[PDB]
Structure formats: structure tokens, C-alpha cells
Amino acid sequence: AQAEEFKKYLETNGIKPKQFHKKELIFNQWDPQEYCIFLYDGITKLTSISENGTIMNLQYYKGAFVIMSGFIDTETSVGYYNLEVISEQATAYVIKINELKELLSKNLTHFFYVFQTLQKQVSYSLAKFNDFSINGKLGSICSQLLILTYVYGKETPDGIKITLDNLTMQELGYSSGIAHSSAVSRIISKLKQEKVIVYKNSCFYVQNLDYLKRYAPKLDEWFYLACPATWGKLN
Amino acid sequence: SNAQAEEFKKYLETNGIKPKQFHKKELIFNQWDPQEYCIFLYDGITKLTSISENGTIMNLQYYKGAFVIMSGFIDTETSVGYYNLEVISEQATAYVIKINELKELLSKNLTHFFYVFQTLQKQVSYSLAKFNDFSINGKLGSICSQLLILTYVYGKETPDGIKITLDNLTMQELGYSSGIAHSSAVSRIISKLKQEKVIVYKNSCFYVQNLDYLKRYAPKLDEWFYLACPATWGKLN
């Protein structure tokens with residue numbers, strides 16, 4: 001993997017792996033230092049918290065990927081957010097945004113690795129913006145379940161199980177723009193009656209992937225074009 | 001800087017890639033016959049669109065001035081997705097780099113590799129800010145957010161308020177930016193902003209009277225403009 005070789009390149013340049021447990025914040029929106037984090041193992045989400053305390057979930061990040069809170073060119077903030085750990089365990093190499101440019105200059109197979117993750121991210125946020133915007137809040141819930149089925153799902157004799165040890169009703173609402181937790185509950189019950197989803201084991205299971213797929217066409221296309229292994233597993 | 005953009009332009013010309021002229025309503029690329037490029041848009045105004053099977057038009061984003069727009073992945077040479085890039089100004093000039101030539105060019109001069117990397121970091125951050133603000137307060141917040149955006153980039157101080165100087169900009173086009181397909185849904189929001197004295201529609205142009213009001217609904221974007229485009233932000237203070 002490129003991830004494996006980047007991991008090694010990091011350890012060889014004195015950058016060591018740091019472990020985290022559930023609910024720990026790799027960075028926070030008040031930290032005045034900026035970073036590049038190479039998330040290597042684990043599951044994570046990016047949040048923003050309002051002036052009043054309202055919480056928006058911007059995105060899940062899994063597996064090996066990179067997340068940046070600063071600009072290389074200027075070293076200043078891209079904007080203020082948190083990266084929270086969701087899984088029982090995660091590991092990440094934290095680099096100061098001031099050290100990045102020199103690291104990537106030196107070994108440009110790694111420069112292209114990070115640019116690749118930037119292209120994926122660029123393209124992903126666009127697809128997601130298209131699908132969340134059309135069909136309003138119905139399509140938002142269908143779009144987020146589709147993302148979670150492709151990334152975290154698993155084949156199972158009773159459907160496709162979403163392997164998120166938590167995933168609460170309120171948590172889904174934070175990812176859509178939904179303030180009331182009962183509004184989410186309507187959407188979830190409405191999808192249950194039509195045999196789209198089921199809920200057992202403290203876990204969500206999907207059963208008409210085709211239905212979701214119809215509310216989230218730009219994203220399905222994106223899994224196909226950007227992550228064809230992940231996509232082919234359930235297609 | 002933006003001396004960086006001029007420098008990239010010069011580097012491309014030296015290396016045999018020539019400028020190209022496009023005209024209002026032309027497509028540089030389209031979603032039905034996808035081609036893979038780096039578009040270096042040098043001068044003029046464009047919009048990235050998608051049209052769904054039922055005829056629903058989504059305006060994803062406006063692109064101006066100097067900027068970079070990718071339609072393929074360099075590592076794999078395939079599509080990032082199916083979109084249209086449509087010219088809004090009367091003229092626009094762009095450098096159309098084939099995706100299979102880009103790596104070579106960026107590999108021989110890291111200065112320009114980093115200018116492209118920076119532009120893409122600005123895109124990522126812009127999309128997150130816009131997603132935050134469009135999501136939190138329904139369609140009211142989406143329309144206020146797109147107005148603040150167009151006010152910073154295309155606005156001009158006049159005696160009647162900040163005039164959005166953008167060729168068309170109709171009710172319907174404004175609705176396309178936030179997944180609104182019926183004009184009646186937009187006018188309902190614009191009616192409220194008019195009653196509340198935030199905007200005036202006059203001489204076929206929107207004039208903004210209370211930018212501070214739009215900031216309440218678009219707090220992540222105003223922060224993004226502050227951090228990412230301080231000259232543009234400073235102009236309107």
C-alpha cells in the first residue's frame with residue numbers, strides 16, 4: 001500500500017504512532033496549532049460546534065487517510081473543526097503543518113500520495129453536496145445510510161449490517177441538518193415500513209440498497225469511480 | 001499570492017500549452033461525454049453544474065479569476081465524476097491540460113505543484129464551510145449563504161447598496177444553487193428578505209442592504225472568506 005510505505009517513511013523520519021480510545025480528540029477547533037494527520041487505523045468523524053453548542057457532523061474518516069487543519073503555502077487555518085475517535089481504538093501520526101512541505105518535497109512518491117487523497121476528498125464533498133441538496137432531508141438520510149453501508153456495511157443472512165458499534169438516531173441527525181431527534185425517527189420508521197431498513201442487535205441493517213442508491217446517485221457513482229473494490233463488494 | 005497564477009500561466013505557455021477562448025453558454029467539459037483534464041481557468045466566469053434524469057439542475061459552484069478545476073485523477077487517469085463547466089461571462093480564457101501530461105509538468109517544477117495543491121486545499125475547505133452552512137437552517141440558510149458568497153466575489157458598492165454584478169442571476173438560477181427546482185420556493189424566501197430590508201431587487205439586479213444579517217446564516221463561509229481570501233473580505237469590511 002501507499003499507506004504502508006507512507007507509514008514507514010514517517011517512522012523513518014522520527015514521526016511515531018500515537019494511540020487513541022473512543023471519544024478522544026486528535027485535534028479540536030480551539031487548538032491554535034495546525035496539522036497534517038495521517039490516520040492509519042481506526043474510525044473517526046469531523047465535527048463543528050456552534051456558538052450556542054449545536055453539533056454538525058461534517059464527515060466520517062476511516063482506514064488510512066489524511067486530514068489537514070492548515071494551509072502548507074501559508075500555514076494558517078483552513079477553518080476550525082474537531083476530529084473525534086468513534087471506534088474502541090485508533091492510531092494516527094500527527095505532523096505540524098510547518099514540517100509538511102519539506103517532507104513531501106524530498107520524496108515525491110509521497111507528495112503524489114497526499115495529492116491523491118486531496119483529489120478524492122475534493123470529489124467526495126462535491127458528490128455529497130449534490131445528493132444532500134436535491135430531495136432535501138429525505139435524501140440526506142438515504143445518502144448518509146448509503147455512505148455507511150458502503151464503508152462500514154457487511155453481508156449478513158438478514159441484510160447488510162452497518163458495523164457501527166453505536167450509530168444513534170441523534171447521531172444521524174447531526175450528519176443531516178436535523179435539529180429534532182423525532183424528525184429523524186419519522187424518517188427511520190417510514191423506511192422500516194417499506195422494508196428498506198431494519199433495526200436489531202443495537203444495529204441498523206439495510207435491505208433495499210437500490211432504494212437508497214436512488215436517493216444518492218452522485219455518491220454511488222463516486223464509490224464506483226473512486227473506490228471500485230468497496231463498491232464491487234455489494235454490487 | 002496571485003503572482004503564482006501568472007507564473008503558472010507563463011510556465012504552461014513555455015511548455016506549449018496555449019490559451020483558449022470560450023464564449024457565453026459554451027461547455028469546456030460536459031457530463032454526457034466526459035473527458036479528463038486539469039482546467040486552469042485564467043480569466044472569466046464559469047459554473048459547475050449537474051443535471052439529473054428528471055431535468056433537475058444543480059449549480060454546485062461558481063469559479064472566477066484564476067483557479068484550477070480537475071475532471072480526472074492523476075494517479076489513475078480516470079474520471080472524478082460527471083459534471084459540466086459552463087461559461088457565464090461573454091469571454092473566458094482557459095488552459096486545457098490533458099490529464100496524462102499533468103504529472104510530468106508538476107514533477108519538473110514543484111513551485112507549480114504547490115500552487116495546484118494549495119488551490120485544491122482551498123476547494124476542500126470551501127466545500128466544508130458551504131456544507132455546514134447549507135445544512136443547518138434549511139433553505140433559508142442556503143439562499144442567504146449563496147447570496148453572501150455572490151456578494152463577496154461579484155459585489156460592487158453603490159448608493160443603493162452592494163450590487164451583485166453577475167450577468168444573469170435570476171430567481172431561478174439562484175434556486176439552482178440550493179436544490180430548489182421551483183422558482184416559487186425561492187421567491188418565498190426572497191420575499192421575506194425584502195420585507196425584512198436585507199435586499200432590494202431592482203433594474204434586474206440584487207442589491208444587498210444588510211450583509212451582517214446574511215452572516216448570521218452563513219458563519220462558516222464568512223470565516224472561510226476571512227481566512228482564505230482576506231482582500232476580498234476586506235473590500236466589504
# chains A, B, ... in the order shown; residues from 1 in each chain; ligands from 1
>>> interface_residues(of="chain A", to="chain B", cutoff="8 Å", atoms="only C-alpha atoms", output="VMD selection string")
chain A and resid 56 58 71 to 73 76 to 79 105 112 115 to 116 118 to 123 125 to 127 129 to 130 133 to 136 176 to 178 218 221 to 222 225 to 226
>>> residues_around(residues="residue 62 (chain B)", least_positions_apart="5", cutoff="7 Å", atoms="only C-alpha atoms", output="compact mmCIF listing (two decimals) with N, CA and C atoms, in the first residue's frame")
# COMPACT_ATOMS: atom_id res chain seq x y z
N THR B 46 -17.35 31.04 -14.74
CA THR B 46 -17.96 29.73 -15.08
C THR B 46 -18.81 29.19 -13.93
N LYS B 47 -19.59 28.13 -14.20
CA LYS B 47 -20.29 27.41 -13.13
C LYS B 47 -20.21 25.92 -13.38
N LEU B 48 -20.02 25.14 -12.30
CA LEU B 48 -20.01 23.70 -12.36
C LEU B 48 -21.45 23.25 -12.11
>>> select_by_dssp(residues="region 3-232 of chain A", states="strand (DSSP E or B)", output="PDB file with C-alpha atoms, in the first residue's frame")
ATOM      1  CA  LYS A  18       0.060   7.729  18.744  1.00  0.00           C
ATOM      2  CA  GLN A  19      -2.908   5.621  20.045  1.00  0.00           C
ATOM      3  CA  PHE A  20      -6.360   6.931  20.966  1.00  0.00           C
ATOM      4  CA  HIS A  21      -9.501   5.496  22.570  1.00  0.00           C
ATOM      5  CA  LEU A  25      -9.985  14.350  20.094  1.00  0.00           C
ATOM      6  CA  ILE A  26      -6.945  14.174  17.812  1.00  0.00           C
ATOM      7  CA  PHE A  27      -7.474  17.847  17.230  1.00  0.00           C
ATOM      8  CA  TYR A  35      -1.527  19.847  11.446  1.00  0.00           C
ATOM      9  CA  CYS A  36      -1.470  17.172   8.871  1.00  0.00           C
ATOM     10  CA  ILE A  37      -2.834  13.938  10.401  1.00  0.00           C
ATOM     11  CA  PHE A  38      -2.187  10.612   8.717  1.00  0.00           C
ATOM     12  CA  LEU A  39      -4.989   8.426  10.187  1.00  0.00           C
ATOM     13  CA  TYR A  40      -3.733   4.864   9.743  1.00  0.00           C
ATOM     14  CA  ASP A  41      -6.130   2.649  11.663  1.00  0.00           C
ATOM     15  CA  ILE A  43     -12.746   5.280  12.714  1.00  0.00           C
ATOM     16  CA  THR A  44     -13.215   8.996  13.177  1.00  0.00           C
ATOM     17  CA  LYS A  45     -15.503  11.954  12.400  1.00  0.00           C
ATOM     18  CA  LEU A  46     -15.067  15.694  11.757  1.00  0.00           C
ATOM     19  CA  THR A  47     -17.380  17.972  13.713  1.00  0.00           C
ATOM     20  CA  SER A  48     -18.035  21.669  14.101  1.00  0.00           C
ATOM     21  CA  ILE A  49     -19.773  23.070  17.204  1.00  0.00           C
ATOM     22  CA  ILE A  55     -23.161  19.947  16.718  1.00  0.00           C
ATOM     23  CA  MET A  56     -22.752  19.283  12.989  1.00  0.00           C
ATOM     24  CA  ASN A  57     -21.102  16.104  11.751  1.00  0.00           C
ATOM     25  CA  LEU A  58     -19.198  17.043   8.545  1.00  0.00           C
ATOM     26  CA  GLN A  59     -17.741  13.661   7.699  1.00  0.00           C
ATOM     27  CA  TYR A  60     -16.617  10.166   8.766  1.00  0.00           C
ATOM     28  CA  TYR A  61     -12.937   9.177   8.190  1.00  0.00           C
ATOM     29  CA  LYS A  62     -11.765   5.553   8.300  1.00  0.00           C
ATOM     30  CA  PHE A  65      -6.362   8.656   5.005  1.00  0.00           C
ATOM     31  CA  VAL A  66      -5.086  12.208   5.609  1.00  0.00           C
ATOM     32  CA  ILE A  67      -6.782  15.244   7.200  1.00  0.00           C
ATOM     33  CA  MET A  68      -5.460  18.734   7.303  1.00  0.00           C
ATOM     34  CA  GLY A  70      -3.837  24.107   7.895  1.00  0.00           C
ATOM     35  CA  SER A  77      -6.114  27.623   9.456  1.00  0.00           C
ATOM     36  CA  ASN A  82     -12.617  18.679  15.653  1.00  0.00           C
ATOM     37  CA  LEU A  83     -11.532  15.121  14.724  1.00  0.00           C
ATOM     38  CA  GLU A  84     -13.148  12.684  17.218  1.00  0.00           C
ATOM     39  CA  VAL A  85     -12.483   8.940  17.729  1.00  0.00           C
ATOM     40  CA  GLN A  89      -9.276   2.214  19.313  1.00  0.00           C
ATOM     41  CA  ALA A  90      -7.440   4.321  16.641  1.00  0.00           C
ATOM     42  CA  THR A  91      -3.824   5.217  15.619  1.00  0.00           C
ATOM     43  CA  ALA A  92      -2.557   8.367  13.937  1.00  0.00           C
ATOM     44  CA  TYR A  93       0.707  10.150  13.034  1.00  0.00           C
ATOM     45  CA  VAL A  94       0.343  13.862  13.821  1.00  0.00           C
ATOM     46  CA  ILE A  95       2.585  16.251  11.815  1.00  0.00           C
ATOM     47  CA  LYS A  96       2.969  20.036  12.225  1.00  0.00           C
ATOM     48  CA  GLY A 153     -21.527  -2.479   5.993  1.00  0.00           C
ATOM     49  CA  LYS A 154     -21.098  -6.213   5.966  1.00  0.00           C
ATOM     50  CA  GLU A 155     -23.069  -9.021   4.296  1.00  0.00           C
ATOM     51  CA  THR A 156     -25.274 -10.962   6.740  1.00  0.00           C
ATOM     52  CA  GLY A 159     -29.460  -7.984   5.167  1.00  0.00           C
ATOM     53  CA  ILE A 160     -26.401  -5.691   5.150  1.00  0.00           C
ATOM     54  CA  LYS A 161     -25.346  -4.894   8.728  1.00  0.00           C
ATOM     55  CA  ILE A 162     -23.855  -1.472   9.435  1.00  0.00           C
ATOM     56  CA  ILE A 197     -34.068  -0.840   6.649  1.00  0.00           C
ATOM     57  CA  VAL A 198     -34.400  -2.965   9.763  1.00  0.00           C
ATOM     58  CA  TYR A 199     -33.139  -2.410  13.309  1.00  0.00           C
ATOM     59  CA  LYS A 200     -31.922  -5.284  15.502  1.00  0.00           C
ATOM     60  CA  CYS A 203     -27.539  -2.022  14.834  1.00  0.00           C
ATOM     61  CA  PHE A 204     -29.037  -0.872  11.517  1.00  0.00           C
ATOM     62  CA  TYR A 205     -29.423  -3.331   8.604  1.00  0.00           C
ATOM     63  CA  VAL A 206     -30.340  -2.268   5.014  1.00  0.00           C
TER      64      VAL A 206
END
>>> select_by_dssp(residues="region 7-196 of chain A", states="alpha helix (DSSP H)", output="PyMOL selection string")
chain A and resi 7-12+97-106+108-133+136-152+169-175+181-193
>>> closest_residue(among="B:88, B:150, B:39, B:27", to="residue 12 (chain B)", atoms="only C-alpha atoms")
B:39
